[PDB]
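[1] Below you'll find the sequence and an experimental structure to go with it.
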Amino acid sequence: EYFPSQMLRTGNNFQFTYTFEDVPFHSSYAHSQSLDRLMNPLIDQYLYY
Amino acid sequence: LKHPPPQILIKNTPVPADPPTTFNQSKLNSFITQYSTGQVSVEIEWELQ
């Protein structure tokens, strides 16, 4: 009750608008590759293990 | 001469023979046997005493 508020009888209406801040797109997709399978399956590496 | 007429270098560009159909990393050692011919002109102006 310590905030300013609008009072409405039966003939009154209320409205406001709002803008969202920049936010990343929700990712609505599934990956067709897995993280451990990003290599070319034909070719050898030049690194050694 | 401190700055003599510059030396002129010429080479035939290597043309490989047919590579294998499976990839191999080593440099190709098979080429088409090849040579070239042509004409060359040189003109010099000489000062006389």
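    That came through fine. Numbers count the residues shown, from 1 in each chain, chains lettered A, B, ... in the order given.

[2] Quick check: the most centrally placed residue in chain B vs residue A:44, distance?
    Central residue of chain B (C-alpha atoms, centre = their mean): residue B:11, 0.9 Å from the mean position. Between residue B:11 and residue A:44 the distance is 32 Å, computed by C-beta to C-beta, to the nearest Å. Bear in mind the C-beta positions are built from the backbone N, C-alpha and C, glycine included.

[3] Also residue B:16?
    From residue B:16 to residue A:44 the distance is 22 Å (C-beta to C-beta).

[4] For chain B, what's the nearest residue on chain A?
    Closest approach of chain A to chain B (C-beta to the nearest C-beta) occurs at residue A:43, with a separation of 6.3 Å.

[5] quick one: that residue and residue B:23 touch, right?
    Yes: using C-beta atoms under 8 Å, residue A:43 is in contact with residue B:23, at 6.3 Å.

[6] Would you map the helices across chain A?
    For chain A, no helices are identified by DSSP state H.

[7] Close to chain B: what parts of it are there?
    A:42, A:43, A:44, A:46 (C-beta under 8 Å from any C-beta of the partner chain).
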